[PDB]
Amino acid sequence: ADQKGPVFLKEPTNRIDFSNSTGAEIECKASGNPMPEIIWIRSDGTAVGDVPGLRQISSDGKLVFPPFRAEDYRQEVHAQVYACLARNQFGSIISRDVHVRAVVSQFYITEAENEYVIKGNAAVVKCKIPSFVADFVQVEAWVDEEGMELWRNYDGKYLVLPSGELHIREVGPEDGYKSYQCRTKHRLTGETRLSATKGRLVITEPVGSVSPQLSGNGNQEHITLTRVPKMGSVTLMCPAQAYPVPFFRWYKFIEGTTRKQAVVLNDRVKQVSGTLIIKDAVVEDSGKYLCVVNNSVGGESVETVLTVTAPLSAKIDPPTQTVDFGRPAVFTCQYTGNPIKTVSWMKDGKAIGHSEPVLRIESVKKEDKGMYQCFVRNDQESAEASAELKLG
């Protein structure tokens, strides 16, 4: 009973990101009797061809992108979606999505911007990262004028949020005598850069007659919807300037309920000034939060949406089944992870059926004996599980 359809031993990761000097190689391995042949394709289901010095298919089936020149860059190659297909006589199955992105060595700079504060009011200096280079660039550490710096590596005064921003506990004219620059790390080449300018604190002495933020003439409230992976640290921003120091109360909405509740403050969950930090996010943390700002004059609130993503996975049951002619045949897709955008089924590398979690065949015919796959797509990643339908 060694005869069986193909199954993926190793699927490449959903994200392959590399540089032009680095080059890259993608491995795809499958089993089953006879050993299936490995083949690379695109979204439309056509086999990818070789390209000189750019895209190679090695003897043992693999996708090789050699290191190339910035001029040799071709989008339809270097920014593309690929999929691995394994097949033998019994049937064929397609891998999950593989997003290949070859970054090049670019020029970018960051700058720390100055922020206005008031005595007694905390604040945050940020690091401007160009939006285009911001995906592969995050701040390694902040710095102080004489150069002794602060990593995640003591008196809580300066807190570094997981967002890579410097927090300052309360404030005082003593604080504005310092300047800071943020250093950043490229997660591809590992190259580092100091920010173009040292950020500074301008501290305003108040008198009276001021309420937090809002607007009287115009403008808006910013609803910031943000997502953080499971097991990752979140951040929720409630920066404001008021008179005198106000109260910050974090709240949360439950699943469409307009009734706002209290946020439990744990050793894992800290309200800091008005800024909330969560460690090790999970699906339950997903929801919209609220920050109530009131001093004696009243106020207005920061609305924030949180969505915790978890890595996608798929399992089909039964993994293999043999049913006679005329009977029903049923497949059940069992998946985990968030968010789940679309669900779909495939047959020998062909789209079939609806988006339903359960694929059913009323009367199984002889032509139905190929491989069946279940695909769960997401805004970011995807995944799938194979299966085999034999006959009797």
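Residue indices: 1-based, along the sequence shown.
Gap check for residue 153 to residue 154: 4 to 9 deposited residues are absent from the model. Averaged over Cα atoms, the B-factor as recorded in the entry is higher for 287 to 295 than for the other of 99 to 107 and 287 to 295. For the two regions 302 to 310 and 72 to 80, the entry's Cα B-factors average higher over 302 to 310. In this structure the maximum Cα B-factor among 94, 134, 316, 254 is found at 254. For the set 188, 214, 85, 129, the PDB entry puts the maximum C-alpha B factor at 214.
In the deposited entry, the Cα temperature factor of residue 258 sits in the top third of values across the chain's modelled residues. Looking at the C-alpha B-factors along this chain, the one for residue 321 belongs to the lowest third. Ranked against the other modelled residues of its chain, the C-alpha B-factor of residue 273 as given in the entry falls in the highest third. Compared with the other modelled residues of the chain, the Cα B-factor recorded for residue 220 ranks in the highest third. Among the modelled residues of its chain, residue 121 has a C-alpha B-factor that falls in the highest third, as given in the PDB entry.
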